[PDB]
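Raw model09.cif, mmCIF, C-alpha atoms and all ligand atoms:
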```cif
data_coords
loop_
_atom_site.label_atom_id
_atom_site.label_comp_id
_atom_site.auth_asym_id
_atom_site.auth_seq_id
_atom_site.Cartn_x
_atom_site.Cartn_y
_atom_site.Cartn_z
CA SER A 2 -39.63 77.03 -0.29
CA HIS A 3 -39.01 74.06 -2.57
CA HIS A 4 -40.85 70.96 -1.27
CA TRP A 5 -41.00 68.86 -4.39
CA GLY A 6 -39.68 65.34 -4.28
CA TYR A 7 -40.47 61.81 -5.41
CA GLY A 8 -43.13 60.58 -3.04
CA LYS A 9 -46.87 60.22 -3.60
CA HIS A 10 -47.47 63.60 -2.08
CA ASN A 11 -44.77 65.73 -3.78
CA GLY A 12 -43.69 63.62 -6.74
CA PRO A 13 -43.75 64.19 -10.54
CA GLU A 14 -47.56 64.34 -10.80
CA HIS A 15 -47.54 67.36 -8.42
CA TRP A 16 -44.67 69.35 -9.91
CA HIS A 17 -46.74 71.30 -12.39
CA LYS A 18 -48.48 73.27 -9.63
CA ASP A 19 -45.26 75.08 -8.69
CA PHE A 20 -43.40 74.59 -11.99
CA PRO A 21 -45.95 75.02 -14.78
CA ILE A 22 -43.30 74.31 -17.51
CA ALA A 23 -43.74 70.69 -16.36
CA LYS A 24 -46.44 70.56 -19.03
CA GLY A 25 -44.34 72.32 -21.68
CA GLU A 26 -43.35 71.51 -25.19
CA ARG A 27 -39.84 70.19 -24.68
CA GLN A 28 -39.85 68.23 -21.42
CA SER A 29 -37.56 65.39 -20.45
CA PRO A 30 -37.11 62.52 -20.14
CA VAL A 31 -38.79 60.80 -23.16
CA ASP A 32 -39.17 57.31 -24.55
CA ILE A 33 -36.64 56.64 -27.33
CA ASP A 34 -38.43 54.72 -30.08
CA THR A 35 -35.45 53.08 -31.80
CA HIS A 36 -37.33 52.34 -34.97
CA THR A 37 -38.41 55.92 -35.45
CA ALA A 38 -35.13 57.66 -34.54
CA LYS A 39 -33.23 58.50 -37.71
CA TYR A 40 -29.53 58.53 -38.49
CA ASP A 41 -28.46 62.11 -39.01
CA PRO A 42 -25.33 62.58 -41.16
CA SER A 43 -25.19 66.26 -40.16
CA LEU A 44 -23.97 65.26 -36.61
CA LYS A 45 -20.24 66.07 -36.25
CA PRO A 46 -18.08 63.66 -34.27
CA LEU A 47 -18.67 63.68 -30.47
CA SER A 48 -15.72 64.73 -28.33
CA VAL A 49 -15.64 63.80 -24.63
CA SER A 50 -12.51 65.42 -23.22
CA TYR A 51 -12.16 64.46 -19.56
CA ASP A 52 -8.37 64.04 -19.31
CA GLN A 53 -7.97 67.05 -17.00
CA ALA A 54 -11.24 66.62 -15.07
CA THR A 55 -10.81 67.80 -11.47
CA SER A 56 -13.41 66.29 -9.07
CA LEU A 57 -13.85 68.01 -5.73
CA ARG A 58 -16.69 66.84 -3.53
CA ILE A 59 -19.73 64.52 -3.30
CA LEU A 60 -23.00 65.89 -1.87
CA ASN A 61 -26.34 64.25 -0.92
CA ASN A 62 -28.80 66.98 -1.88
CA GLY A 63 -31.88 65.05 -0.71
CA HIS A 64 -32.86 64.17 -4.30
CA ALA A 65 -29.68 62.31 -5.51
CA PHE A 66 -25.95 62.66 -4.89
CA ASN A 67 -23.75 64.96 -7.00
CA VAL A 68 -20.08 64.46 -7.75
CA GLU A 69 -18.95 68.02 -8.29
CA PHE A 70 -16.07 69.25 -10.48
CA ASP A 71 -13.95 72.35 -10.74
CA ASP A 72 -15.62 74.19 -13.56
CA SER A 73 -13.72 77.49 -13.10
CA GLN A 74 -11.86 76.70 -16.35
CA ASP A 75 -12.23 74.25 -19.23
CA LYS A 76 -10.80 71.22 -17.45
CA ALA A 77 -13.32 68.69 -18.68
CA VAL A 78 -15.50 69.52 -21.63
CA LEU A 79 -17.97 68.04 -24.09
CA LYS A 80 -18.02 69.20 -27.72
CA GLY A 81 -19.13 67.99 -31.14
CA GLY A 82 -22.11 65.88 -32.03
CA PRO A 83 -25.14 68.13 -32.08
CA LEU A 84 -23.36 70.83 -30.07
CA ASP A 85 -22.08 74.24 -31.13
CA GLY A 86 -19.27 75.44 -28.92
CA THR A 87 -17.84 74.24 -25.65
CA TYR A 88 -19.73 72.71 -22.70
CA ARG A 89 -17.94 72.45 -19.31
CA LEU A 90 -18.52 69.50 -16.95
CA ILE A 91 -20.00 70.77 -13.63
CA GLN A 92 -21.29 67.58 -11.98
CA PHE A 93 -22.65 64.10 -12.38
CA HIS A 94 -25.42 62.29 -10.61
CA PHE A 95 -27.68 59.24 -11.01
CA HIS A 96 -31.32 58.30 -10.96
CA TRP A 97 -32.28 54.78 -9.80
CA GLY A 98 -35.02 52.48 -8.66
CA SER A 99 -36.16 50.41 -5.72
CA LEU A 100 -35.66 47.26 -7.87
CA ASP A 101 -33.67 46.57 -10.98
CA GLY A 102 -36.64 46.82 -13.38
CA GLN A 103 -37.00 50.56 -12.96
CA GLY A 104 -34.83 53.61 -12.24
CA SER A 105 -33.89 55.17 -15.61
CA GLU A 106 -35.55 58.37 -16.80
CA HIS A 107 -35.17 57.82 -20.47
CA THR A 108 -36.56 54.58 -21.81
CA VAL A 109 -35.69 52.62 -24.96
CA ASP A 110 -38.73 51.14 -26.71
CA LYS A 111 -40.42 51.53 -23.30
CA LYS A 112 -37.70 49.45 -21.56
CA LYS A 113 -36.58 50.89 -18.23
CA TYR A 114 -33.02 50.39 -17.05
CA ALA A 115 -31.97 49.97 -13.39
CA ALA A 116 -30.45 53.42 -13.28
CA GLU A 117 -29.25 56.37 -15.45
CA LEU A 118 -26.13 58.50 -15.11
CA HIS A 119 -26.25 62.19 -16.02
CA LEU A 120 -23.02 64.10 -16.75
CA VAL A 121 -24.05 67.74 -16.70
CA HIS A 122 -22.29 70.42 -18.79
CA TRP A 123 -22.91 74.13 -19.33
CA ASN A 124 -22.28 76.21 -22.45
CA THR A 125 -19.31 78.46 -21.72
CA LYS A 127 -20.58 81.23 -24.04
CA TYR A 128 -23.04 82.08 -21.24
CA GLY A 129 -20.33 82.50 -18.57
CA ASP A 130 -21.97 80.73 -15.64
CA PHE A 131 -24.41 77.86 -15.02
CA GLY A 132 -27.16 80.08 -13.75
CA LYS A 133 -27.16 82.12 -16.93
CA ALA A 134 -26.87 78.97 -19.07
CA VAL A 135 -30.06 77.41 -17.69
CA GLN A 136 -32.00 80.42 -18.99
CA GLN A 137 -31.03 79.62 -22.64
CA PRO A 138 -32.39 76.95 -25.00
CA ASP A 139 -28.85 75.70 -25.71
CA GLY A 140 -27.41 76.32 -22.23
CA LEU A 141 -26.78 72.77 -21.10
CA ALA A 142 -25.67 69.44 -22.52
CA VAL A 143 -26.45 66.32 -20.48
CA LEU A 144 -24.70 63.09 -21.38
CA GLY A 145 -26.98 60.25 -20.24
CA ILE A 146 -25.78 56.71 -19.76
CA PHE A 147 -27.95 53.73 -18.87
CA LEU A 148 -26.99 51.22 -16.14
CA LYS A 149 -27.93 47.54 -16.29
CA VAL A 150 -27.13 45.02 -13.58
CA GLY A 151 -24.54 42.39 -14.41
CA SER A 152 -20.81 42.48 -13.77
CA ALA A 153 -19.32 45.20 -11.52
CA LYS A 154 -18.13 48.51 -12.96
CA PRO A 155 -14.66 49.04 -11.53
CA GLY A 156 -14.69 52.76 -12.15
CA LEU A 157 -17.85 53.12 -10.11
CA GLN A 158 -16.53 51.54 -6.96
CA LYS A 159 -14.88 54.69 -5.45
CA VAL A 160 -18.32 56.31 -5.65
CA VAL A 161 -20.10 53.35 -4.02
CA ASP A 162 -17.55 53.29 -1.23
CA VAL A 163 -18.03 56.90 -0.15
CA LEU A 164 -21.86 56.67 0.01
CA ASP A 165 -21.94 55.48 3.61
CA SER A 166 -20.35 58.82 4.59
CA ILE A 167 -23.14 60.88 2.89
CA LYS A 168 -26.18 58.91 3.93
CA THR A 169 -28.44 61.83 4.65
CA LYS A 170 -29.49 65.11 2.99
CA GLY A 171 -26.94 67.88 3.35
CA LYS A 172 -23.94 65.65 4.05
CA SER A 173 -20.88 65.99 1.81
CA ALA A 174 -17.44 64.45 1.63
CA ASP A 175 -14.15 65.13 -0.16
CA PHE A 176 -14.08 63.47 -3.54
CA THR A 177 -10.87 64.48 -5.24
CA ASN A 178 -8.95 62.65 -7.94
CA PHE A 179 -11.90 60.72 -9.36
CA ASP A 180 -11.78 59.98 -13.06
CA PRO A 181 -15.23 60.10 -14.65
CA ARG A 182 -13.93 58.33 -17.81
CA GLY A 183 -14.30 55.14 -15.86
CA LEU A 184 -18.07 55.45 -16.01
CA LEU A 185 -18.41 55.38 -19.82
CA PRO A 186 -19.18 52.41 -22.08
CA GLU A 187 -16.86 51.50 -24.98
CA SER A 188 -19.06 53.01 -27.71
CA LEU A 189 -20.10 56.64 -28.09
CA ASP A 190 -23.06 55.88 -30.32
CA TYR A 191 -25.93 58.06 -29.13
CA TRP A 192 -29.39 59.50 -29.62
CA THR A 193 -30.00 63.27 -29.27
CA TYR A 194 -32.99 65.53 -28.86
CA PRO A 195 -33.85 68.97 -27.36
CA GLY A 196 -35.33 68.80 -23.88
CA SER A 197 -35.27 69.94 -20.30
CA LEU A 198 -33.98 69.43 -16.79
CA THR A 199 -35.75 66.34 -15.36
CA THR A 200 -36.22 67.91 -11.91
CA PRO A 201 -37.64 71.24 -10.88
CA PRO A 202 -37.20 73.88 -12.14
CA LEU A 203 -37.67 71.81 -15.32
CA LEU A 204 -36.09 74.47 -17.52
CA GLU A 205 -36.12 73.84 -21.24
CA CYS A 206 -32.38 74.39 -21.59
CA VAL A 207 -30.89 70.93 -22.37
CA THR A 208 -29.45 69.22 -25.40
CA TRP A 209 -29.74 65.54 -24.43
CA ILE A 210 -27.14 63.10 -25.68
CA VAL A 211 -28.09 59.58 -24.56
CA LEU A 212 -25.61 56.76 -25.20
CA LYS A 213 -26.96 53.64 -26.80
CA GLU A 214 -24.66 51.21 -25.01
CA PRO A 215 -25.43 50.75 -21.31
CA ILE A 216 -22.78 50.19 -18.67
CA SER A 217 -22.88 47.12 -16.48
CA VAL A 218 -22.84 47.54 -12.67
CA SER A 219 -23.15 44.84 -10.03
CA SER A 220 -26.22 44.17 -7.92
CA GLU A 221 -24.03 44.95 -4.88
CA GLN A 222 -23.11 48.36 -6.33
CA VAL A 223 -26.70 49.42 -7.02
CA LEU A 224 -27.87 48.04 -3.63
CA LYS A 225 -25.52 50.57 -2.02
CA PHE A 226 -27.22 53.47 -3.91
CA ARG A 227 -30.49 52.26 -2.37
CA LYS A 228 -29.17 52.65 1.21
CA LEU A 229 -28.96 56.41 0.83
CA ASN A 230 -31.63 58.56 2.45
CA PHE A 231 -33.80 61.39 1.18
CA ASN A 232 -34.17 62.61 4.77
CA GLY A 233 -31.77 64.55 6.82
CA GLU A 234 -29.86 63.26 9.88
CA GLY A 235 -32.00 62.02 12.74
CA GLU A 236 -35.22 62.12 10.76
CA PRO A 237 -37.41 59.08 10.01
CA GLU A 238 -35.69 57.06 7.37
CA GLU A 239 -36.94 57.39 3.78
CA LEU A 240 -34.71 55.36 1.49
CA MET A 241 -33.47 57.29 -1.55
CA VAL A 242 -34.97 55.10 -4.24
CA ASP A 243 -37.18 55.80 -7.29
CA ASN A 244 -35.76 59.28 -7.79
CA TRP A 245 -36.69 59.26 -11.47
CA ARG A 246 -39.22 61.25 -13.52
CA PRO A 247 -41.28 59.17 -16.06
CA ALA A 248 -41.20 59.71 -19.77
CA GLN A 249 -42.94 62.83 -21.02
CA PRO A 250 -44.79 63.66 -24.28
CA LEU A 251 -42.48 63.91 -27.25
CA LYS A 252 -44.62 66.60 -28.90
CA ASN A 253 -43.05 68.32 -31.89
CA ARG A 254 -39.64 66.65 -31.58
CA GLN A 255 -37.48 64.20 -33.44
CA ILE A 256 -34.84 62.02 -31.85
CA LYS A 257 -31.71 61.69 -34.03
CA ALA A 258 -29.24 58.86 -34.08
CA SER A 259 -25.49 59.25 -34.51
CA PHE A 260 -25.17 55.80 -36.03
CA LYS A 261 -26.45 53.97 -39.04
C1 LIG B 1 -47.72 67.27 2.18
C2 LIG B 1 -48.02 67.72 0.94
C3 LIG B 1 -47.09 68.38 -0.06
SE1 LIG B 1 -46.58 70.21 0.21
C4 LIG B 1 -45.99 70.39 -1.62
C5 LIG B 1 -46.23 69.36 -2.52
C6 LIG B 1 -45.80 69.45 -3.82
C7 LIG B 1 -45.13 70.60 -4.23
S1 LIG B 1 -44.49 70.76 -5.87
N1 LIG B 1 -45.70 71.42 -6.81
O1 LIG B 1 -43.39 71.68 -5.81
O2 LIG B 1 -44.20 69.43 -6.37
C8 LIG B 1 -44.89 71.63 -3.37
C9 LIG B 1 -45.32 71.52 -2.06
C1 LIG B 2 -31.24 74.96 -11.76
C2 LIG B 2 -31.05 73.69 -12.14
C3 LIG B 2 -31.10 72.54 -11.14
SE1 LIG B 2 -29.46 71.51 -11.08
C4 LIG B 2 -29.94 70.08 -12.27
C5 LIG B 2 -29.02 69.66 -13.19
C6 LIG B 2 -29.30 68.62 -14.01
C7 LIG B 2 -30.52 67.94 -13.94
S1 LIG B 2 -30.87 66.58 -15.03
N1 LIG B 2 -31.54 65.44 -14.08
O1 LIG B 2 -31.82 67.08 -15.98
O2 LIG B 2 -29.56 66.18 -15.51
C8 LIG B 2 -31.48 68.40 -13.05
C9 LIG B 2 -31.17 69.45 -12.21
ZN ZN B 3 -30.48 63.83 -13.77
#
```
Would you give me this structure, written as structure tokens?
Ligand SMILES: C=CC[Se]c1ccc(S(N)(=O)=O)cc1
Ligand SMILES: C=CC[Se]c1ccc(S(N)(=O)=O)cc1
Ligand SMILES: [Zn+2]
Amino acid sequence: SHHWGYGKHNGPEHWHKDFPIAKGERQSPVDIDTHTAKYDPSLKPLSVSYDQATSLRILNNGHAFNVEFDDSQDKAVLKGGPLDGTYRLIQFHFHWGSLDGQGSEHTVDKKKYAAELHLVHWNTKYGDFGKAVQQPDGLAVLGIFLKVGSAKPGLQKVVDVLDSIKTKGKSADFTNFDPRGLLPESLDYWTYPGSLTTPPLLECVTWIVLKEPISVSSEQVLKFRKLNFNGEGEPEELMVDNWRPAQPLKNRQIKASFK
């Protein structure tokens, strides 16, 4: 069974033994060298269409928490930019640190942010998520950096439910949440071909990483850090530092949407 995690004994340096693609040619995350990334005029406009997003539930899966959506129809979709066709929102989750100076997966000129939000979408030409992850263009992940400063009002409904999903396997109703409240003002982004950042590490993702971070409060991120990796009644292991480090860029170029 799967026993990977984020500790010294089962963390990112161990993953390759059960998931050999860990050492592949298009792994994520990566460092974004801002000086080397080039404006690409071939990028069509990005279209984030979350008006009809239908959230359902929040789950602690023992690695992060997922806010899950109804993806049985095209209720919330991502299109445009580097993408061909229509990608359906399935869930979002975060990666974060034990302290504010680490937590993001992607880095920007080697700078680590306090956390990173991943809005996960699957290409509807493949019919279901499980089929999509087996294709090089199956998923689109919209990544958004979090810095600590002023509170993010649209994040607070998430923060407030976390005490009800402390431990692995716990879930709670999470209807009527609007994920548009987690975006920054600007949709300027970087994009490159990569992978899932957890096992199974499949090389199925078009990454779209927004340049502008969102600001969250220290109090908000401190609440993330009270979650547990463990299940109920087990010795407490705080859910912190659930991020994979940057991986080799290899034969890839990061493109910018902006001049
Ligand atoms: C107590 C020692 C760890 Se058991 C173990 C460790 C790592 C993995 S892996 N290759 O899936 O990350 C799988 C199983
Ligand atoms: C079979 C797939 C596992 Se579900 C999943 C979705 C997204 C990510 S991430 N961190 O790359 O956005 C990681 C894992
Ligand atoms: Zn993620």
Around ligand ZN 3 (chain B), out to 9 Å and counting all atoms listed in the file, which residues are there? I want them as an NGL selection string.
:A and (65 or 93-96 or 106 or 117-121 or 143 or 145 or 198-200 or 245)
Proximity to residue 181 in chain A - best of A:238, A:69, A:85, A:32, only C-alpha atoms
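Closest to residue 181 in chain A, using only C-alpha atoms: A:69.
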Within 9 Å of range 54-57 of chain A, counting all atoms listed in the file, which residues qualify if same-chain residues fewer than 2 places away don't, as an NGL selection string?
:A and (50-52 or 59 or 68-72 or 75-78 or 90 or 92 or 174-181)
Generate a file of the selected residues that holds C-alpha atoms, formatted as a compact mmCIF listing (two decimals), keeping the file's coordinate frame.
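Generated file (again_33.txt):
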```
# COMPACT_ATOMS: atom_id res chain seq x y z
CA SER A 50 -12.51 65.42 -23.22
CA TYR A 51 -12.16 64.46 -19.56
CA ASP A 52 -8.37 64.04 -19.31
CA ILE A 59 -19.73 64.52 -3.30
CA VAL A 68 -20.08 64.46 -7.75
CA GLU A 69 -18.95 68.02 -8.29
CA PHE A 70 -16.07 69.25 -10.48
CA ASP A 71 -13.95 72.35 -10.74
CA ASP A 72 -15.62 74.19 -13.56
CA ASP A 75 -12.23 74.25 -19.23
CA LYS A 76 -10.80 71.22 -17.45
CA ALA A 77 -13.32 68.69 -18.68
CA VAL A 78 -15.50 69.52 -21.63
CA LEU A 90 -18.52 69.50 -16.95
CA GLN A 92 -21.29 67.58 -11.98
CA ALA A 174 -17.44 64.45 1.63
CA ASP A 175 -14.15 65.13 -0.16
CA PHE A 176 -14.08 63.47 -3.54
CA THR A 177 -10.87 64.48 -5.24
CA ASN A 178 -8.95 62.65 -7.94
CA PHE A 179 -11.90 60.72 -9.36
CA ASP A 180 -11.78 59.98 -13.06
CA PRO A 181 -15.23 60.10 -14.65
```
Among the residues A:209, A:123, A:40, A:66, the one that comes closest to residue 166 in chain A [using only C-alpha atoms]
A:66
Neighbours of ligand LIG 1 (chain B) within 9 Å, counting all atoms listed in the file, as a list in words?
residues 2, 3, 4, 5, 6, 7, 9, 10, 11, 12, 13, 14, 15, 16, 17, 18, 19, 20, 21 and 201 of chain A
Which is closest to residue 41 in chain A among A:88, A:191, A:231, A:226, if we use all atoms listed in the file?
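Of A:88, A:191, A:231, A:226, the one nearest residue 41 in chain A is A:191, counting all atoms listed in the file.
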To one decimal place in Å, what is the distance between CA of residue 73 in chain A and CA of residue 124 in chain A?
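So the two atoms, CA of residue 73 in chain A and CA of residue 124 in chain A, lie 12.7 Å apart.
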Mind giving me the axis-aligned box for ligand LIG 2 (chain B) with 4 Å on every side, centre plus edges in Å to one decimal, as AutoDock Vina command-line options?
```
--center_x -30.4 --center_y 70.2 --center_z -13.5 --size_x 10.8 --size_y 17.5 --size_z 12.9
```
Selected residue of minimal separation from ligand LIG 2 (chain B) among A:132, A:86, A:63, A:25, counting all atoms listed in the file:
A:132
